[PDB]
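S.K.: Okay, here's the structure, questions in a sec.
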Amino acid sequence: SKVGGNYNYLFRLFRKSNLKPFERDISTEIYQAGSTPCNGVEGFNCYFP
Amino acid sequence: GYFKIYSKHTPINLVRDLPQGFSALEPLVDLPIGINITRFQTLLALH
Amino acid sequence: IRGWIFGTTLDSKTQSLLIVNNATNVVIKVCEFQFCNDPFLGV
């Protein structure tokens, strides 16, 4: 038990891009998502990550 | 991420004849870790 | 060649894999040391 509220847990039911597992990195090591110009943000037929 | 160290040592060609021989490669050292890699190219080696 | 490079982007503006192996123990240090481009030390 611990009182104060919880905000740490965050999962997804869908995601847009395909990430890179298992690299303990703090740089801008980023992957690209797709072709439709969603630009990595919410748009048309782009599920919330 | 078993970056298994498959190292066949055909040492530096020396002066005249360290004979070219067995092709193909065989395991020597084996370690699984699992660190992300997507694509790559050829590299080099160090002393 | 002075430096070990591996990864998907291979840039290391971050913690970087400090792997030292001397046929006895292989180190996995995800954080960098103070030798970025071409390490050199009188030894």
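Letters A, B, ... go to the chains of the structure tokens in the order shown; residues in each chain start at 1; ligands are counted from 1 in the same order.
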At a cut-off of 7 Å, which residues of chain A touch chain C? Count only C-alpha atoms and give the answer as a PDB file with N, CA, C and O atoms, in the first residue's frame.
M.R.:
ATOM      1  N   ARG A  24      19.897   0.595 -23.929  1.00  0.00           N
ATOM      2  CA  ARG A  24      19.830   1.527 -22.803  1.00  0.00           C
ATOM      3  C   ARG A  24      20.472   2.837 -23.242  1.00  0.00           C
ATOM      4  O   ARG A  24      21.624   3.134 -22.925  1.00  0.00           O
ATOM      5  N   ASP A  25      19.701   3.637 -23.975  1.00  0.00           N
ATOM      6  CA  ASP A  25      20.208   4.802 -24.681  1.00  0.00           C
ATOM      7  C   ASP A  25      19.408   6.042 -24.304  1.00  0.00           C
ATOM      8  O   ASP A  25      18.192   5.980 -24.106  1.00  0.00           O
ATOM      9  N   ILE A  26      20.107   7.173 -24.207  1.00  0.00           N
ATOM     10  CA  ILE A  26      19.475   8.466 -23.973  1.00  0.00           C
ATOM     11  C   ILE A  26      19.631   9.412 -25.152  1.00  0.00           C
ATOM     12  O   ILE A  26      19.182  10.564 -25.068  1.00  0.00           O
ATOM     13  N   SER A  27      20.251   8.971 -26.244  1.00  0.00           N
ATOM     14  CA  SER A  27      20.370   9.819 -27.420  1.00  0.00           C
ATOM     15  C   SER A  27      19.068   9.835 -28.210  1.00  0.00           C
ATOM     16  O   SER A  27      18.066   9.222 -27.833  1.00  0.00           O
ATOM     17  N   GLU A  29      18.132   8.219 -30.705  1.00  0.00           N
ATOM     18  CA  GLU A  29      18.126   7.024 -31.545  1.00  0.00           C
ATOM     19  C   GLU A  29      16.678   6.689 -31.875  1.00  0.00           C
ATOM     20  O   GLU A  29      15.974   6.067 -31.077  1.00  0.00           O
TER      21      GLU A  29
END
S.K.: Should the cut-off be 12 Å, what would the residue list for chain B against chain A look like, counting only C-alpha atoms, as number ranges by chain?
M.R.: B: 1, 33-39
S.K.: For CA of residue 39 (chain C) and CA of residue 26 (chain C), quote the distance in Å rounded to one decimal.
M.R.: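 Taking CA of residue 39 (chain C) and CA of residue 26 (chain C), their separation equals 18.8 Å.
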S.K.: Might you pull out every residue within 12 Å of residue 37 (chain C), with only C-alpha atoms counted and same-chain residues fewer than 4 positions away left off, and present them as a list in words?
M.R.: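 Final neighbour list, sorted by chain and number: residues 1, 2, 3, 4, 5, 11, 12, 13, 32 and 33 of chain C.
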